[PDB]
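Okay, so here's just one chain, in structure tokens, the form deposited in one PDB entry.
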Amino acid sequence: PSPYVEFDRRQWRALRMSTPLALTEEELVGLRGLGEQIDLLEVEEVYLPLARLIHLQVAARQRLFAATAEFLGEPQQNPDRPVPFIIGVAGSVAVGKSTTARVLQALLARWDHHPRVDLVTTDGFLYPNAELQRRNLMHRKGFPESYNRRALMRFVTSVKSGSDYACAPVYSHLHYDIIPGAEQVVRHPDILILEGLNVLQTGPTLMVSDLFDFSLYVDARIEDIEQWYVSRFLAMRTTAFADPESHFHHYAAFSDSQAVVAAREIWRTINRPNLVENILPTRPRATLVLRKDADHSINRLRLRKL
């Protein structure tokens, strides 16, 4: 016995799933602009059922708010509307948290119950490079201490407080740094998806996950994430690294053979460590673990028994 209900891809395909849920032509090729590492199959066959499943929780949490308000007799101090339902997304660098996160925002915004759905990345809560350096933490970017955990708690707390506004800084992957003065504004969305390596990490007191209504962990065999890591790094040689303004411009010149050694090394000494010490252990804290194949196909879903 286990606290999980477990499905594999076969079992997931045997769908007696009681609603069609009609994916229109527009969104079905608009769900292209955000991925490459998602078939339209995966969307139709997995992500769409998942988002239905989350809908039921968002909807239920909205009814509960109301039935509570009307029970308290709609007092002055109680808010008018439910607070933002907040979804955490966790997993290793290279696992596709951003993509999964972008697919969910896309799908979940489709119901009328919750049409406004924001997406925030904890990237923007890394300490600026000045700070990391002042703190001797450059070698540890991505590690828990590498973030302003307090600012991040203030932000999420402010959002779960039903604030009309709340903003988070913006990180730049091209410049490998926080963009100065740059800020995303969150405006009491219906649902906020919060994505980052760290979102399900533990703390001595309150932690961001205490404010999550639901959370996902994107999982894969560790060799398979390494394989995606490398390939993204070689591809960046063309894109991000090519740009002369990139912190890692000098990495563009490297040949396939050379960039692979460099990548396996950055993995081996930074990112694989972070994964093993700090990300993996948060795995069983998620409402839903999604394991992926070598080929980026969900082979296993683990859902918290209700």
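Only residues modelled in both forms are compared. Under this definition, the rigid core comprises the largest set of C-alpha atoms superposing within 1.5 Å between the forms. In this text, residue numbers run from 1 along the sequence as written.
Legend: mean Cα B-factor per stretch from the PDB entry, 217 to 225 versus 176 to 184; the higher mean is in 176 to 184. Per-stretch averaging of Cα B factors for 149 to 157 and 74 to 82 places 74 to 82 on top. Per the deposited record, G30 carries the highest C-alpha B-factor of all listed residues (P281, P49, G30, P273). Of the candidates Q201, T122, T99, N129, the one whose C-alpha carries the top B factor in the deposited record is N129. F254 sits in the highest third of its chain by CA B factor, as recorded in the PDB entry. Among all modelled residues in this chain, the alpha-carbon of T269 has a temperature factor (C-alpha) in the middle third.
Per-chain ranking of the deposited C-alpha B factor places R116 in the lowest third. Looking at the C-alpha B-factors along this chain, the one for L194 belongs to the lowest third. When the modelled residues of the chain are ordered by their C-alpha B factor, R10 lands in the highest third.
Heads up, the form deposited in another entry isn't pictured, but that's what we're talking about next.
Comparing C-alpha positions between the shown form and the other one after a rigid core fit, one residue in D210, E183, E74, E145 moves 2 angstroms or more. It is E74. Core-superposed comparison between the shown form and the other one: the Cα of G35 travels 2 Å or more. Once you line up the core between the shown form and the other one, the Cα of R61 ends up 2 Å or more from where it was. When the rigid core is held fixed, the Cα atom of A294 travels less than 2 angstroms between the shown form and the other one. Compared with the form shown here, the C-alpha atoms of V29 and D224 sit at least 3 Å closer together in the other form. Relative to this conformation, a decrease of 3 Å or more in the Cα-Cα distance between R32 and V120 is found in the other form. Legend: core-fitted overlay between the shown form and the other one; highlighted in sequence order are 9 to 37, 59 to 81, 112 to 114, the runs of at least 3 consecutive residues with CA shifts of 2 angstroms or more.
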